[PDB]
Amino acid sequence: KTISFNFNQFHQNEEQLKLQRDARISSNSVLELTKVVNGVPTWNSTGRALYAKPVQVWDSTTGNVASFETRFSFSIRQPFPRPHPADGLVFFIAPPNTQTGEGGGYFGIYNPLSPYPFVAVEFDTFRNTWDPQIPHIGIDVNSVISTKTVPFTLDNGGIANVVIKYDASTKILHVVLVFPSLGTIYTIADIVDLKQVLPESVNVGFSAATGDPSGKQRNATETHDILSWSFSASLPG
């Protein structure tokens, strides 16, 4: 089976998408994961967007695990340079029927008081105690304490292109981040066996968070917009 879908731009009322929390689709065809009021991003926000149908990542019957490729472009604009923007966005795969986890440095996917399995790639903008120098991309398996990290220099307000490919044969998850206006290229990879971590069917989508009010700094925010998104996966057996 080969599932595929492509969004060159999002539209309002889109059937194949499931918005959660603050996430909404603007008139301009941009998916804003977090809250922006008349051009200014707000703190204390969290939002997610999921493809409305689950995809089969592997089969128990055959033991085969699906390969997949996903591509998307995003934009993170940081208006208040000081004291520190927050928190970041992530592409994630998690079991179906899940609710938004905690925000902040958890991105709306990780809840320490009610854990569930998840694999996710993060573009992190705030340096928590469990984090290395920001910004950095990170591969996360069940936790926000990344297995692998690589720092990057954000194109503030610019466009970022991302390619994430998973090869069943090698169990390699490889991630590409490009900032076209800047010419910069960032690469990061790790072995992840989707079978020992996730159930047969999952949900794919994005999650983002802006500073938590418990920080007392309202200038800890930024936008987390998605411009386009396509996904393809193949399960032989």
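In this text, the rigid core denotes the largest set of C-alpha atoms whose superposition between the two forms falls within 1.5 Å. One rule holds for the numbers: they count along the sequence shown, beginning at 1.
- Averaged as a root mean square over residues and superposed structures in 8 other deposited structures of this protein, CA distances to the shown form are larger in 111-119; the pair compared was 111-119 and 138-146 with a core fit.
- A summary of the deposited B-factors shows that, of 54-62 and 179-187, the stretch with the larger mean C-alpha value is 54-62.
- Between the stretches 127-135 and 86-94, it is 127-135 that shows the larger average CA temperature factor.
- The entry assigns its greatest Cα B factor, within the set 158, 151, 105, 101, to 101.
- Per the deposited record, the Cα B-factor of residue 222 falls in the lowest third when ranked against the other modelled residues of its chain.
- For residue 114, the recorded CA B-factor ranks within the middle third of the chain. Only modelled residues enter the ranking.
- Residue 172: CA B factor in the lowest third of modelled residues in this chain (values from the PDB entry).
- Remark: residue 209 belongs to the lowest third of its chain, ranked by C-alpha B-factor as recorded.
- The entry lists a Cα temperature factor for residue 42 that places it in the middle third of the chain's modelled residues.
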